[PDB]
Amino acid sequence: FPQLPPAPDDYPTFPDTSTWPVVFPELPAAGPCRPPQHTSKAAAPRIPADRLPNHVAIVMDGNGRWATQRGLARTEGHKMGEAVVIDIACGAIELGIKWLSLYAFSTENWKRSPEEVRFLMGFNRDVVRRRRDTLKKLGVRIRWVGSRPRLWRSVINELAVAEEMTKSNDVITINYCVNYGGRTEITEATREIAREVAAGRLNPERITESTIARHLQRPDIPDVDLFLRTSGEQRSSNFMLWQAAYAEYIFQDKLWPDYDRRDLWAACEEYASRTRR
Amino acid sequence: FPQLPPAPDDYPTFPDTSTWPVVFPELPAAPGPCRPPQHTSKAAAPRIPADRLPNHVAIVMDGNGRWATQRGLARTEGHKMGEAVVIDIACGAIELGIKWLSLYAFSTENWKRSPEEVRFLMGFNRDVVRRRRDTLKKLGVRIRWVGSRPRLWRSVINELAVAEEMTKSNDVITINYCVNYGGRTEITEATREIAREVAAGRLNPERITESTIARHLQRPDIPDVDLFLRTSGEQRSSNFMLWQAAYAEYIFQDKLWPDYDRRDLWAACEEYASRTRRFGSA
Ligand SMILES: O=P(O)(O)C(O)(c1cccc(-c2cccc(-c3ccccc3)c2)c1)P(=O)(O)O
């Protein structure tokens, strides 16, 4: 039962949405720190290890519907979404999930207005810079997954720093997927394979499903167990395409800025129920 | 509105599942493909405009063994009942105007079942194709196999290869009958072919694009899946049409495959046609 037990009543909480960016609380010093509990003070459900998803992937959908209901720009929905990412990371640690893949920026987003794309590049750069120390302290290992063309060098470089600083952590790994597309990533694995073949380092007849797996950008990513998408949308949208071929999908109706760790836990309790059915 | 109109009231119905194999009725001549028999309920396809219909539906046929188990029957009986369901779905797809239909008959994962289950399923798929190939031809269905050659029985490939040759000029609907199919495997096989072309100095690695992978899949004419359906409450894509379904809409239906009929296909298609299409979606 790999859950952290309920925090003491007085242990720090997260998120305090009275400031933007939300200020992550000081924690008592431990190794990694125990993450703050949710503001509701709910505790993670008891799910046995062999029924827990090892790897959860999340498409964080609904930020513009959320902002539209409030007469705000979509960028306000993105802003509120930053604290939900952190809260979900805290929740995932409390529950004992080991891998979390987050679809921060699809290759499809290049169709959005250039002003919004520029905001999202800047914003993802800033989130990583602003949260890198908090992630390090909680024992998160983070790194970039995605494709290089068009992506701002500053975002790649900022994740590269957070990956270097968190390389030894092992409480949870977050794949922070930026300019990511599943077909694109498989096509890059195939290009790599092709380079190795043009070079005579690899025999085409030896190519198997493992060869593709070994040549993906991050070959250490395990299969996705549980694939989640918010806002009621029931598509995988090319996210973790290779890795989620055998995933279970749980499509939830809440909009991402309204989501919190208790919703992640409820999807994980459902996933654990289906290990029986 | 590319639906066929409601059929005449005395137009032949299908399926009558009181006998096995199920009888497919004689149909009046055309000129041209025959109009499919209407469902036993005589329901007519809903009027969904062409711009809101899926061009390509993929279906995993789930729950055959669970269905037979609930009735205390051998699991082979659920499979046998799913044959008429495949044909009924093909007739309802034609009535609705669907142009592409992919059916997941046997997965690369299925070699993990017992030898007796595998022999049964390989032999039963061979037999379905033989039994139904003339009927599909008469309905203007273009049918062909999609899947991986290693392990797959040569008798299955042979029956599908003749069905493919018999129906190659048909154009009412294409059915990809997917047997020993695994999406990662089909991508690996495309990557092998690309690698062969590179080793032969015919393709340069820096000219490889997503299109190159698409052009080297086994059947490169298959369009993207617009609507991906599971039955029996399964909520996974199980490696089916993995490259082609990357942007599909998923609907996970509860009904077991042997209980399924063309009205369930139409209802999933009505649900798909109603979904709001969000920013940037094809
Ligand atoms: O997924 P988002 O909520 O960011 C989205 O749905 C979105 C982004 C920005 C604005 C909206 C939007 C625009 C116009 C109307 C509405 C709407 C909201 C609630 C009820 C009816 C319409 C929502 C919707 P998108 O996938 O189309 O980009």
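Here is the naming used below: chain letters follow the sequence lines, and residue numbers restart at 1 for every chain. Just so you know, these numbers use all the heavy atoms, side chains as well, and skip hydrogens, waters and symmetry mates. As the structure lists them, so they are numbered: ligands from 1, and atoms in each ligand from 1.
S237(A) and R229(A) are linked by a side-chain donor-acceptor pair at a separation below 3.5 angstrom, with hydrogens and angles left out of the test.
Classification of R148(A) and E188(A) as a salt-bridged pair fails, no side-chain N sitting under 4.0 Å from a carboxylate O. In this structure, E164(A) does not pair ionically with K167(A), as no charged nitrogen and carboxylate oxygen lie closer than 4.0 Å. Salt bridge present: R142(B) and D221(B) bring a charged side-chain N and a carboxylate O closer than 4.0 Å. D223(A) has no carboxylate O lying under 4.0 Å from a charged side-chain N of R236(B), or vice versa, which leaves the two without a salt bridge.
A side-chain donor-acceptor contact under 3.5 Å links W144(A) to the backbone of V178(A).
When heavy-atom distances to ligand 1 are checked against 4.0 Å, the residues falling inside are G62(A), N63(A), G64(A), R65(A), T68(A), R74(A), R112(A), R278(B), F279(B), ordered by chain and number.
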